[PDB]
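Residue numbers (this note's numbering), protein chains in the order written: chain A, 44 to 184; chain B, 94 to 224; chain C, 480 to 642; chain D, 6 to 181; chain E, 26 to 63. Below: the structure, in structure tokens.
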Amino acid sequence: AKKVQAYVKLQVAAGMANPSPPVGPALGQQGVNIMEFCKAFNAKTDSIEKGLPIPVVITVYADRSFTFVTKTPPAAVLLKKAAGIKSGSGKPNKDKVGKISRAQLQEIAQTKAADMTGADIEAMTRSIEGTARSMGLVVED
Amino acid sequence: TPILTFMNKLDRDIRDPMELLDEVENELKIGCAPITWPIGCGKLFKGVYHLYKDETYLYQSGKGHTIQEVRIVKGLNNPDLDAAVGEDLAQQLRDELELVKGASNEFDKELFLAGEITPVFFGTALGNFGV
Amino acid sequence: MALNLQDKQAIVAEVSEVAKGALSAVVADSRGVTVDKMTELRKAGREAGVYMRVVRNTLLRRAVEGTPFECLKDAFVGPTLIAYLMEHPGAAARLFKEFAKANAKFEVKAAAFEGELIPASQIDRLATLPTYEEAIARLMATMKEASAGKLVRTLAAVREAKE
Amino acid sequence: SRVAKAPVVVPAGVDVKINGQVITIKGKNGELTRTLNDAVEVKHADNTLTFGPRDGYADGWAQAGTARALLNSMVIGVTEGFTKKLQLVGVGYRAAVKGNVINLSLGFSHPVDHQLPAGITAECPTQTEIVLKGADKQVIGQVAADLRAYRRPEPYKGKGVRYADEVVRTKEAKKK
Amino acid sequence: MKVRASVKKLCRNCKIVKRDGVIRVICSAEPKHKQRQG
RNA sequence: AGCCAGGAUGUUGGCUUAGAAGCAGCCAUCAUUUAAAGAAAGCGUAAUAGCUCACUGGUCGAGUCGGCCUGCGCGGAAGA
């Protein structure tokens, strides 16, 4: 690694790659084409499923296109498919909204293997211990 | 269709005429063949040195309504170019001209008619100099 | 913070990693970056862990003066900026390499490896440790004795001696 | 206090012509150079210069620290001499130096020739840089400030004569 | 600058020195914090 | 006090969000990585930013910080 050369992260869902209405002319402008950011993305995105957040770095030089290497997704968006309601925050901690305990989201703290600055396989559980409290979801743990 | 190139507005503070050649070759996909070359720009525009005639036409300020007096300084190393232009500016002419020869083109009439090099003139249509 | 009640703390608490210390390394980190903690702490993921600490405590007056647990020749071993490192579990091998094959790649000065405890000496790195659990180094270590050490010379008179 | 207390140590060279209340230092380069003092009694002694107050002076120390300071830059003065450097920003700005008088061109309707002081010389490694060395810190500092003056750096495009140790604010126009 | 009866340091890089019989405020960050008299 | 270094990772935090990935914003401020790093100070984003602050290390080495009680002064303060 080095530091910073060129990279960002703006996206709404994997259910629909390279969105046209959303970001539009706001998905790379320094060596990033808009009709090419769907030939290197769905090259492995269609290898798991479509409908979940997929951020990623953007290694840029000066040779026509570019190169990227994404990783584990956010454990906050997984609360629309693996937890409860469709939304999230909205109603923070003013009235016990959804409720997730020790059991749920358990293995969701097991998906980020290499991407988890929580050496202690057990302690790394305290990290995501909040990726489901940004709206108030008491744990029945 | 063949293209002559005129670099207008040397009365103004401009970009590096080297860099100007890059932008013309790179972005317009056509070779540059300098015929004249500016000596100083803006408040320091002194005139243009003709590369092929080997002489220096001297710019006079504000005669843009008629044609100014044609005032030539013959040699490129003529110590009157130093006197008329200041030896400082005179050397930068000599320096740039060195680099120009290693990164540009000789005007070829055949390639011009083929639309593959442009004769580049530097001047100022307002000062009526270079036209 | 806190005075003596806190000073004494950083001492004994970490100086336990000296009495019962596996290996030992003293590396300054002038111009260190965060990757500094994204390395010895990253390699702690799928090949190490919370079994390693480099608590920069070169407070000398605290670190050095704070080592009554027999570590002589150290009244010198504690110069300028420092960042001691120690082990509790695991062997006393590898570790030296995490530094030797990192700081060697720029990564700030490496105190030229001033050496630390265990044998208790001075400066001039070694590496007879990381060769451990690489048993196959003890395998070919016999150089097939009869074989290889033979097929390398006793049969070099043909590909290098027929003139 | 402090800066005052701290000794000055006269390097291998400089003579130190301490005459009562008039000190003079000469060495390597720098045509000597000498200043005066007041409420600070300075003592040569051995291989240094000590600075202290004087009875009946509330200025003591305060006048002594500036003492140290000055002398300390007087040693190094003739020793390593003193640096400088300025760089002209803006299309059409050009320095020259064709003697000991610098000839600047800054978009005015005229040139601006500026004659260097006593023991100060300068060179123009580039048509847009000026490095002027000297042994008197107090004068290079000036000559620099003075050159710069002709055309300080405006906060919009940044054009003008800046140092290098600058910062140049620079901000946007009033929106539409 | 601004001459007020009460100077006051506003910013963190705003200084306060006394050049002559006058207390002034020298704020290195924002010029608007430059003040005299006080 | 200078001077020398770091200030992230879960996280682009979700959210009335056209787009917000710490900072016009809402509600929240918890947990690792560590010597220290706040979903956090400021400049300023089309938006990331680049780049600097609390706090920890290093260098230097004796004092340093701010309130309280008192004495004497400074500005505030322009006229025929």
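Ideal Cβ placement from N, Cα and C applies to all residues, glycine included.
Proximity to residue 143 (chain B) across B:219, B:107, B:169 and B:176 peaks at B:169, based on C-alpha coordinates. In this structure, DSSP gives residue 144 (chain B) a state outside helix and strand, which the three-state scheme calls coil. Cα atoms of residue 149 (chain A) and residue 113 (chain A): separation of roughly 23 Å, rounded to the nearest angstrom. Non-local C-beta neighbours of residue 59 (chain D) in its own chain, meaning closer than 8 Å and more than five positions away in sequence, comprise 44, 45, 46 and 65, ordered along the chain. In this structure, the beta-carbon distance from residue 104 (chain B) to residue 140 (chain B) does not fall below 9 Å.
Residue 35 (chain D) carries a coil assignment under DSSP once its states are collapsed to helix, strand and coil. In this structure, the CA atom of residue 106 (chain A) is about 18 Å from the CA atom of residue 81 (chain A). Relative to residue 68 (chain D), the option among D:24, D:10 and D:99 whose CA is nearest is D:10. Residues of the segment 132-150 of chain B with a Cβ closer than 9 Å to any Cβ of chain D, in chain order: 133, 134, 135, 136 and 137. Here the alpha carbons of residue 143 (chain A) and residue 182 (chain A) stand approximately 5 Å from one another.
Shown here, residue 152 (chain D) sits in a helix according to DSSP, grouped into three states. Scanning its chain for C-beta atoms nearer than 7 Å, with the 5 sequence neighbours on each side dropped, one finds around residue 94 (chain B) the residues 208, in chain order. Listed by position along chain A, the residues whose Cβ is nearer than 9 Å to that of residue 529 (chain C) are 162, 163 and 166.
Interface flag for residue 127 (chain D) against chain B is unset, since no Cβ pair is found closer than 9 Å. For residue 185 (chain B), the neighbours in chain D by C-beta distance under 8 Å run, in chain order, 132. In the pairwise beta carbon analysis, the segment 580-590 of chain C is classified as touching the segment 487-507 of chain C: at least three pairs are separated by under 8 Å. Closer than 8 Å at the C-beta level to chain C, one finds no residue of the segment 85-118 of chain A. For residue 525 (chain C), at least one C-beta of chain A is nearer than 9 Å to its own C-beta. Residue 104 (chain B) has a beta carbon lying at 9 Å or more from every beta carbon in chain D. In the displayed model, residue 100 (chain B) falls within a strand according to three-state DSSP. Rounded to the nearest angstrom, the gap between the Cα atoms of residue 178 (chain A) and residue 137 (chain A) is 9 Å.
If you look at residue 72 (chain D), you'll find it in the alpha helix (DSSP H) that goes 67-83.
Contact between the segment 132-140 of chain D and the segment 91-102 of chain D is present, with at least three C-beta pairs closer than 8 Å.
Straight through space, the alpha carbons of residue 35 (chain E) and residue 62 (chain E) are spaced by roughly 15 Å. Where residue 56 (chain D) is concerned, the enclosing beta strand (DSSP E) starts and stops at 55-57. Counting only the Cα atoms, residue 39 (chain E) lies some 19 Å from residue 46 (chain E). Residue 575 (chain C) is classed as buried because its beta carbon has at least 16 other beta carbons within 10 Å across all chains shown. Per the DSSP secondary-structure output, residue 110 (chain D) pairs in a beta bridge with D:99. By the neighbour-count definition (other C-beta atoms within 10 Å, threshold 16), residue 184 (chain B) is an exposed residue. Of all residues in the segment 508-519 of chain C, only 514 place a beta-carbon less than 7 Å from a beta-carbon of chain A. Within the segment 133-157 of chain A, those residues whose Cβ lies closer than 9 Å to any Cβ of chain C are, in chain order, 156 and 157.
In the three-state scheme derived from DSSP, where H, G and I count as helix and E and B as strand, residue 125 (chain D) is classed as strand. Annotation: residue 207 (chain B) is outside any alpha helix (DSSP H) and is labelled neither H nor E by DSSP. The alpha carbon of residue 98 (chain B) has as its nearest neighbour, out of B:223, B:154, B:218 and B:211, the alpha carbon of B:211. Contact of residue 541 (chain C) with chain A is not assigned, every C-beta pair being separated by 9 Å or more. For the C-beta of residue 181 (chain B), the chain D residues within less than 8 Å are, from N- to C-terminus, 99, 101 and 132.
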